[PDB]
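Residue numbers (the authors' numbering), protein chains in the order written: chain M, 1 to 120; chain N, 1 to 109; chain F, 2 to 110; chain B, 2 to 110; chain S, 32 to 189, 212 to 287; chain U, 32 to 189, 212 to 287; chain T, 32 to 189, 212 to 287; chain X, 503 to 523, 527 to 613; chain W, 503 to 523, 527 to 613; chain V, 503 to 523, 527 to 613. The structure under discussion appears below in the form of structure tokens.
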Amino acid sequence: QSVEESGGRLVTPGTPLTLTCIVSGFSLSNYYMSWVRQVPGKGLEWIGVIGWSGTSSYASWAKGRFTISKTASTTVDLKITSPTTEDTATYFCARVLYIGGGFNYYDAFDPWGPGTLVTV
Amino acid sequence: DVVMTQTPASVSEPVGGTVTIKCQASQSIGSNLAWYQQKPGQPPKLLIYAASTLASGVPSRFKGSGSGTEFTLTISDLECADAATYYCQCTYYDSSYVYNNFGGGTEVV
Amino acid sequence: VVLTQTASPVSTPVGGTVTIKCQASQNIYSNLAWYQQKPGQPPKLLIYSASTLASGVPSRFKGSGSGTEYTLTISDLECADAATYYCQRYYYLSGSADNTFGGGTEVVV
Amino acid sequence: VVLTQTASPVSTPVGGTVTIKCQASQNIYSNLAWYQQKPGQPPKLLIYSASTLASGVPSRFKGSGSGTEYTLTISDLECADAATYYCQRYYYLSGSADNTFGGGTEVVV
Amino acid sequence: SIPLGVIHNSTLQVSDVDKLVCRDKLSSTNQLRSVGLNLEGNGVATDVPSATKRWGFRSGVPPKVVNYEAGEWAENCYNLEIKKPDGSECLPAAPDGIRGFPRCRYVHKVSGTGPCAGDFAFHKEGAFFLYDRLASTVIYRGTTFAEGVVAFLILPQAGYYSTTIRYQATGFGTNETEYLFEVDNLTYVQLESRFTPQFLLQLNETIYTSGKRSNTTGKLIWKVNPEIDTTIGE
Amino acid sequence: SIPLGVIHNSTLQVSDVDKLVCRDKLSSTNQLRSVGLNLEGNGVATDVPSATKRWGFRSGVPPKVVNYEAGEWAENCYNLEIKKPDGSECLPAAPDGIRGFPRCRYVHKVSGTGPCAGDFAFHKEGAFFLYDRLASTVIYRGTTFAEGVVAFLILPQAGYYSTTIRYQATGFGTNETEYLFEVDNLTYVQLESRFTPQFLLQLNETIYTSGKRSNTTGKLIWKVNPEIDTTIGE
Amino acid sequence: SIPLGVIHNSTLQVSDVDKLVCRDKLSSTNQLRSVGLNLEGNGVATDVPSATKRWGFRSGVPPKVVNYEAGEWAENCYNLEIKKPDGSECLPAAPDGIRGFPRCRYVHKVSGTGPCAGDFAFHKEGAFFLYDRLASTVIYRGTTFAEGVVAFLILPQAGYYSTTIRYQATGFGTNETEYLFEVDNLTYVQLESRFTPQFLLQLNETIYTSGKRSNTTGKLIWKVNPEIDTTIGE
Amino acid sequence: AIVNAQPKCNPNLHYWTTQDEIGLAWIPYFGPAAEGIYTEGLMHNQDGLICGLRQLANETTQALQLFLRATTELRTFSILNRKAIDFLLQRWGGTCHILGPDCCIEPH
Amino acid sequence: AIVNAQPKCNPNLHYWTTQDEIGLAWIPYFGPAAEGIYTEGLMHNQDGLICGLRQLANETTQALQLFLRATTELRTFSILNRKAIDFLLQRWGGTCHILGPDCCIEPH
Amino acid sequence: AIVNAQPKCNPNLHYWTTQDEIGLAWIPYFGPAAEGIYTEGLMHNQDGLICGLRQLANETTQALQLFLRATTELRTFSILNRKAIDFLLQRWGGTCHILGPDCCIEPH
Ligand SMILES: *[C@@H]1O[C@H](CO)[C@@H](O[C@@H]2O[C@H](CO)[C@@H](O[C@@H]3O[C@H](CO[C@H]4O[C@H](CO)[C@@H](O)[C@H](O)[C@@H]4O)[C@@H](O)[C@H](O[C@H]4O[C@H](CO)[C@@H](O)[C@H](O)[C@@H]4O)[C@@H]3O)[C@H](O)[C@H]2NC(C)=O)[C@H](O)[C@H]1NC(C)=O
Ligand SMILES: *[C@@H]1O[C@H](CO)[C@@H](O[C@@H]2O[C@H](CO)[C@@H](O[C@@H]3O[C@H](CO[C@H]4O[C@H](CO)[C@@H](O)[C@H](O)[C@@H]4O)[C@@H](O)[C@H](O[C@H]4O[C@H](CO)[C@@H](O)[C@H](O)[C@@H]4O)[C@@H]3O)[C@H](O)[C@H]2NC(C)=O)[C@H](O)[C@H]1NC(C)=O
Ligand SMILES: *[C@@H]1O[C@H](CO)[C@@H](O[C@@H]2O[C@H](CO)[C@@H](O[C@@H]3O[C@H](CO[C@H]4O[C@H](CO)[C@@H](O)[C@H](O)[C@@H]4O)[C@@H](O)[C@H](O[C@H]4O[C@H](CO)[C@@H](O)[C@H](O)[C@@H]4O)[C@@H]3O)[C@H](O)[C@H]2NC(C)=O)[C@H](O)[C@H]1NC(C)=O
Ligand SMILES: *[C@@H]1O[C@H](CO)[C@@H](O[C@@H]2O[C@H](CO)[C@@H](O)[C@H](O)[C@H]2NC(C)=O)[C@H](O)[C@H]1NC(C)=O
Ligand SMILES: *[C@@H]1O[C@H](CO)[C@@H](O[C@@H]2O[C@H](CO)[C@@H](O)[C@H](O)[C@H]2NC(C)=O)[C@H](O)[C@H]1NC(C)=O
Ligand SMILES: *[C@@H]1O[C@H](CO)[C@@H](O[C@@H]2O[C@H](CO)[C@@H](O)[C@H](O)[C@H]2NC(C)=O)[C@H](O)[C@H]1NC(C)=O
Ligand SMILES: *[C@@H]1O[C@H](CO)[C@@H](O)[C@H](O)[C@H]1NC(C)=O
Ligand SMILES: *[C@@H]1O[C@H](CO)[C@@H](O)[C@H](O)[C@H]1NC(C)=O
Ligand SMILES: *[C@@H]1O[C@H](CO)[C@@H](O)[C@H](O)[C@H]1NC(C)=O
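Spelled out as structure tokens, the structure:
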């Protein structure tokens with residue numbers, strides 16, 4: 001049960017960017033997948049989630065600035081559209097964890113990835 | 001929207017003591033809580049879930065309790081390897097309801 | 002639809018009552034007609050709608066049944082009552098004209 | 002449970018439609034199977050659950066019935082369809098495994 | 032007595048019978064409402080192996096039905112058809128006026144056999160089977176339902214595509230029940246209590262594309278390995 | 032919402048929901064009354080060829096029944112028995128508690144065949160079929176009914214000889230339908246859309262008196278000339 | 032109109048519709064109550080020969096049922112099984128939701144034959160057959176009941214042994230009806246209208262102990278002498 | 503008011519009703538058959554009541570059909586009770602100003 | 503008041519009723538059978554209550570039978586609701602005079 | 503107030519209902538089928554209404570089950586009518602003091 005991220009690079013404002021998270025040890029059809037970013041020396045910020053049903057949910061402050069999709073059968077991507085200087089951060093990628101009980105609910109974000117770095 | 005507040009901004013204590021961290025919830029969330037420790041330059045690592053259940057592999061020194069609106073986390077017999085920031089997360093709603101469910105951050109020295 | 006009759010050269014002494022049974026492969030909602038055919042002559046109508054007695058027929062003949070099972074009873078068997086008997090399923094000519102005849106049962110005085 | 006078949010050496014010219022009726026002693030909730038046994042060869046399943054056709058069996062055979070009465074119909078009988086026929090009641094193996102075979106009916110081309 | 036919920040200032044409170052609250056106002060019967068809520072909104076297990084263990088069989092209690100006027104969209108719904116070993120039917124036929132749940136996403140159609148004690152199938156936790164605007168206390172044969180509870184309220188003064218998943222159960226109603234997810238008339242997959250419906254659909258598609266279907270007249274039962282989770286064994 | 036009529040000083044007015052009328056007084060539930068009025072009082076065609084064109088067949092809509100406490104004597108009532116060409120029955124049987132209209136002058140007993148699409152017979156104009164103190168939305172087999180509507184009122188504070218006319222129709226429910234008035238088991242009269250029941254009875258009497266009944270085993274169908282209207286042709 | 036009883040100061044009065052009294056107080060529907068009282072509390076004959084003469088057969092009247100929420104313990108209850116001479120059944124089967132009277136001391140089970148005119152068996156005195164919380168106007172087959180009536184009240188603002218006695222009646226429904234108490238499948242005792250149930254039980258015990266039971270294949274009918282009242286003759 | 507838009511209006515209403523109000530007639534055993542429990546009347550005198558009534562019955566049918574479609578009852582018998590409850594709730598539903606236009610408690 | 507005209511009266515009323523008011530007894534699966542849902546009581550003390558009930562029940566039967574004949578219910582369950590609605594309508598049916606003999610409002 | 507004691511709560515209520523409010530759609534002959542009479546809605550915003558409403562639903566089930574056990578109805582359709590009648594009776598069910606704390610009449 002491990003995931004990792006890639007795609008961090010330096011771009012000018014307005015340049016569309018895409019990151020990639022891949023998994024190992026579980027199936028995308030049995031778990032959600034959440035993207036959480038962290039500004040340097042700040043607190044964690046939940047961005048959005050992609051479900052095993054195929055639909056995705058976005059935070060209010062990131063309703064249209066970010067998109068989350070599933071490419072291939074074991075990868076997901078977070079696409080940043082029109083980034084600004086305020087989006088320089090270490091982006092992460094986690095799987096929601098449920099131990100028993102019904103689906104659609106979680107208990108923790110267990111397998112955090114190493115996290116990529118995005119600079120504007 | 002449950003808002004979580006971490007009371008102690010920073011804690012310092014001689015090696016070998018017991019550090020207590022308080023996490024308060026606006027509403028009543030039962031026992032849905034999780035704790036994370038983030039070393040610098042590392043992703044957060046899970047310590048406690050369901051506000052009382054120890055994770056797999058974490059030493060038993062970390063122990064959390066509390067319920068309702070108040071939760072506490074105690075690190076007993078502090079070591080030099082436990083210096084990091086600690087976060088409390090609420091897991092009361094579903095996985096599609098996304099918001100700022102995390103905490104502020106408590107730096108333990 | 003297949004119509005299965007008694008399929009036996011039934012013989013009965015004069016004075017008794019004979020019974021012919023006409024089975025069907027499905028429910029037919031009592032749409033059977035009984036015919037008798039003497040050797041050489043064209044057949045004659047006896048009973049229609051599985052219970053109604055056609056004009057110019059003695060009350061000795063009787064018909065009954067429902068669903069998939071229907072019976073024709075000849076009471077007070079006579080010498081002239083020696084012919085081949087048929088059961089026919091018909092349709093209403095409003096939108097169809099399909100009709101299926103029975104195998105044919107012979108009666109011996 | 003007692004299974005009573007047609008119990009007759011039925012004779013039918015090639016091209017006809019033969020019918021075998023297998024009556025029971027009580028309601029059996031449509032749990033019959035039909036077997037065709039040629040002399041010397043082991044029996045072969047033809048129709049199970051009183052309506053479903055077994056794999057690799059021509060659609061020429063057709064089973065029907067319910068409650069306590071069930072029939073097997075063979076259309077356009079050929080010279081090959083000359084064997085003994087059995088009706089057999091079964092159970093589901095979660096509970097009991099009891100089963101009873103019929104008397105056996107032979108068909109002559 | 033039956034509690035009654037009052038909505039005031041976008042807050043819910045329980046009506047107090049002894050204390051007459053003057054500010055509460057009821058102008059017409061349109062404000063009164065009854066709403067049914069699914070149990071899956073409380074975070075309970077929804078897979079068939081865990082769902083079917085909340086229902087039991089009993090005899091000596093007549094069934095009762097009460098209406099409700101509004102419901103919640105349900106992601107999981109169930110449809111049961113159970114036979115006794117001799118071949119009879121366990122669940123009673125659906126009375127006139129009872130229809131399946133209107134809005135379901137996945138319908139778990141389970142057909143199998145069991146000892147079938149008692150006469151009716153009740154909910155062990157005391158909940159209801161919602162059906163269509165008619166919550167009952169028993170299960171009817173071949174009718175889509177969803178577990179839920181009914182609440183009463185005084186309102187303030189002011212596409213749909215389904216999917217059927219087919220199961221087969223042996224020993225239904227007992228503590229040792231075996232479930233199989235059916236992908237074909239001849240091929241089955243052994244079922245665990247950790248597979249989401251989408252995972253089952255993906256298993257179906259993978260089995261068809263890989264040519265794993267049975268070609269003989271016998272039965273073939275696959276078994277997905279726990280570790281790799283993508284290499285189905287046998 | 033359902034309108035409610037109020038009778039004040041021998042004048043009928045629709046009660047207004049938002050405006051609170053002080054002069055309106057309701058002392059007991061005896062004042063509330065539901066009354067069923069026939070459509071024939073509005074000046075509509077009553078003969079079978081025109082009346083039967085207001086009914087259609089449909090499927091997928093369950094039937095509903097309401098009550099009413101008072102009715103009106105009906106000049107024309109109907110009674111239908113229709114069969115499919117194969118022999119089955121179209122109209123469902125009468126449920127327990129349903130009875131014919133209690134006050135009818137003429138009963139048009141119609142029996143025939145038709146394609147019988149759908150499952151239930153509804154009224155095209157949205158009216159109701161009035162049985163004995165029960166307004167339904169579908170026609171039941173072999174039960175006298177009357178076309179009508181229901182009104183609710185607040186009341187102010189303060212022999213029977215029926216005649217049966219027998220018809221026969223082919224292709225019921227389609228646009229090309231043929232009706233034949235039956236005077237005997239062997240003799241029929243071609244029916245048009247301009248014959249009152251009294252004229253039909255007069256034609257029956259003339260047929261019986263003039264000896265125009267069929268004497269063979271076949272059928273004889275008469276046809277009245279349009280001009281003279283008293284010398285039946287063929 | 033239906034009278035309504037008001038209880039105040041431990042005194043019962045019939046509510047007056049025209050005169051509006053303000054002393055009486057109604058707080059909730061819990062105060063309204065319906066109570067069923069048995070006819071035997073009025074001092075009427077209860078034995079089978081006298082009880083069965085109060086019921087009569089009729090046709091052309093539909094049955095009606097009304098519920099009640101409280102009853103009284105009944106010492107005598109009845110159970111009927113009547114067939115026509117040809118072999119057909121007279122009393123209709125009990126509809127769904129109808130059950131026997133819950134609290135009965137002695138259950139008089141009567142089985143026999145009669146002309147069985149009409150369609151339904153009504154009460155000649157206009158009372159009700161109570162059944163289980165559903166007082167009806169007709170007798171149902173095989174269901175225990177008890178004669179009684181129903182009253183409506185406004186409440187003030189604030212072990213079980215069953216014995217079955219089996220009879221056999223010939224000519225039921227007529228004035229010339231012959232009753233026989235059954236002690237065995239072959240032995241009977243002629244029944245008079247002065248034997249309490251305890252007397253019948255004592256007669257059974259005496260029959261069993263004294264060895265008067267039938268030993269042949271025929272029937273044996275005993276007749277108890279009127280004077281000595283303990284030496285059964287024949 | 504109500505204006506009749508129907509093609510024709512029948513000025514007379516020949517009605518029948520089941521409510522009556527003797528000896529043993531109330532007993533079902535001795536009571537009248539199912540066909541003789543009706544009465545008769547004729548409201549020949551009218552002041553536009555009948556023509557208004559027919560139009561009101563025509564108007565009511567849309568709402569009645571929609572209400573029947575909404576519900577799940579096989580047979581509906583409780584419309585009038587709902588009307589009475591709605592009338593009472595509209596008259597008295599909560600806070601009642603003595604001199605307010607929403608209350609009928611006239612002062613004197 | 504009412505006087506008992508029956509030939510004889512039973513002063514004690516031995517009743518059973520279904521209303522009760527623990528653990529998992531309310532669960533239908535674990536609940537009592539169809540015969541163990543009743544209670545018991547005895548109103549032995551009386552001041553003419555029982556002998557008055559036995560006469561009120563005798564009196565109400567004619568009205569009940571006529572009402573049942575009038576209706577078309579197969580089963581009737583809405584008599585008490587009608588009584589309550591009638592009571593409320595009789596109390597307040599509009600135009601409540603403060604000092605009139607028709608209103609329960611007592612000035613203070 | 504009501505506190506949610508469930509293990510977890512779903513804050514959004516994606517609901518369906520039957521009430522609607527054109528042309529010939531009200532006529533059953535031309536009306537929609539039995540599956541197209543529903544609507545949809547989503548109450549995404551709430552001040553804890555959904556989470557407390559679920560707990561209210563859980564709380565009411567014991568009383569509902571006991572009431573269903575007590576009655577002999579095959580199908581119950583009249584709970585809301587009883588609630589409305591109880592509300593009216595509690596508000597006005599007898600003599601009502603103008604200045605009394607048990608009355609909704611206010612002076613001005
Ligand atoms: C309350 O009162 C109103 C007014 O009286 C009634 O309204 C009637 O509604 C029906 C349908 O609901 C109307 O019938 C329609 O007639 C159309 C043709 O018009 C005829 O009638 C006018 C009257 O002036 C004549 O001038 C004209 O020449 C016609 O003879 C039809 O086109 C309609 O549909 C027909 O055609 C379609 C398409 O071919 C078919 O699919 C249909 O099946 C049907 O054959 C329809 O038949 C009627 O005209 C309205 N009345 C008036 C006066 O206009 C309400 O019905 C009434 N409420 C109740 C409950 O009865
Ligand atoms: C409420 O309580 C009242 C009590 O007043 C009951 O009234 C009783 O009503 C029944 C009939 O409904 C009466 O029974 C009738 O008895 C007549 C003969 O009187 C007998 O009883 C008196 C009692 O003093 C004796 O003195 C007398 O000798 C008789 O033994 C019969 O003539 C009546 O009809 C009989 O004959 C006709 C003609 O042959 C038959 O058609 C009948 O079927 C029947 O055989 C009838 O039987 C009874 O007398 C009334 N009681 C009193 C005290 O007057 C109400 O019935 C009760 N209501 C309910 C609902 O229970
Ligand atoms: C309204 O909401 C409350 C609380 O949210 C619900 O309470 C639940 O009640 C059910 C039973 O009615 C409980 O389920 C039981 O769980 C037992 C094991 O406990 C597990 O869960 C608890 C949760 O706290 C853990 O602490 C514990 O460690 C376990 O993990 C089972 O053993 C029970 O099964 C036994 O009893 C049933 C019923 O008697 C039998 O049929 C079984 O065969 C078996 O003998 C049972 O399943 C559940 O735990 C309660 N939830 C909580 C959060 O406490 C109400 O049910 C709900 N009301 C409605 C109508 O839904
Ligand atoms: C499992 O998946 C297969 C493949 O998609 C399904 O088979 C096809 O289903 C579609 C509709 O879902 C039909 O239009 C095709 O005709 C089917 N056959 C093919 C594509 O060969 C199958 O129905 C699925 N089974 C379940 C239970 O969902
Ligand atoms: C048509 O008229 C004839 C004769 O007027 C009717 O036949 C008579 O009907 C009466 C009662 O309806 C019987 O009493 C007679 O016995 C009948 N036969 C005669 C007088 O010879 C016939 O019933 C009428 N048919 C219709 C449909 O009105
Ligand atoms: C009639 O009396 C006989 C004999 O006492 C009863 O039969 C006995 O019934 C008791 C129950 O009270 C049983 O314990 C005995 O085993 C029975 N013995 C025999 C030999 O049958 C009988 O039940 C009585 N019948 C009635 C209707 O009271
Ligand atoms: C199921 O219950 C039976 C009861 O006798 C018991 O023997 C068996 O071990 C149980 N099975 C399981 C898996 O608990
Ligand atoms: C009846 O409708 C059909 C529909 O195609 C049409 O062909 C036919 O001409 C119509 N009949 C008449 C008499 O208009
Ligand atoms: C019973 O009634 C019939 C009717 O005529 C009569 O003949 C007979 O004598 C009566 N029997 C008795 C015992 O009253």
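From the three backbone atoms N, C-alpha and C, an ideal C-beta is built for every residue, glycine too.
Closer than 7 angstroms: residue i CB and nearest ligand 6 heavy atom
{"i": "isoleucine 218(T)", "result": "yes"}
{"i": "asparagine 257(T)", "result": "yes"}
Proximity test, residue i beta-carbon vs ligand 8 heavy atom, cut-off 7 angstroms
{"i": "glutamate 229(U)", "result": "yes"}
Check: residue i C-beta below 7 angstroms from any heavy atom of ligand 1
{"i": "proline 509(X)", "result": "yes"}
Same chain only: Cβ atoms within 7 angstroms of residue i, ignoring 5 sequence neighbours per side
{"i": "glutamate 156(U)", "result": "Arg85"}
{"i": "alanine 158(T)", "result": "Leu70, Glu178, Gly179, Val180"}
Residues near residue i by beta carbon distance below 6 angstroms, same chain, minus five either side
{"i": "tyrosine 71(B)", "result": "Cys23, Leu33, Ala51"}
{"i": "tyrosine 86(F)", "result": "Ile21, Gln37, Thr106"}
{"i": "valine 66(S)", "result": "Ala101, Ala182"}
{"i": "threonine 77(T)", "result": "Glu71, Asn107"}
Residues that DSSP places opposite residue i in a beta bridge
{"i": "residue 194(U)", "result": "A gap in chain U, from 189 straight to 212, means residue 194(U) has no coordinates in the model shown."}
Exercise for the section: Spell out a yes or no on whether the segment 46-64 of chain U and the segment 78-98 of chain U are touching, meaning 3 or more CB-CB pairs, one atom from each, closer than 8 angstroms. Expected result: When Cβ pairs closer than 8 angstroms are counted between the two stretches, the segment 46-64 of chain U is seen not to touch the segment 78-98 of chain U, the count staying below three.
Exercise for the section: Would you check if there are 3 or more beta carbon pairs closer than 8 angstroms linking the segment 35-44 of chain U to the segment 263-277 of chain S? Expected result: No, the segment 35-44 of chain U does not touch the segment 263-277 of chain S.
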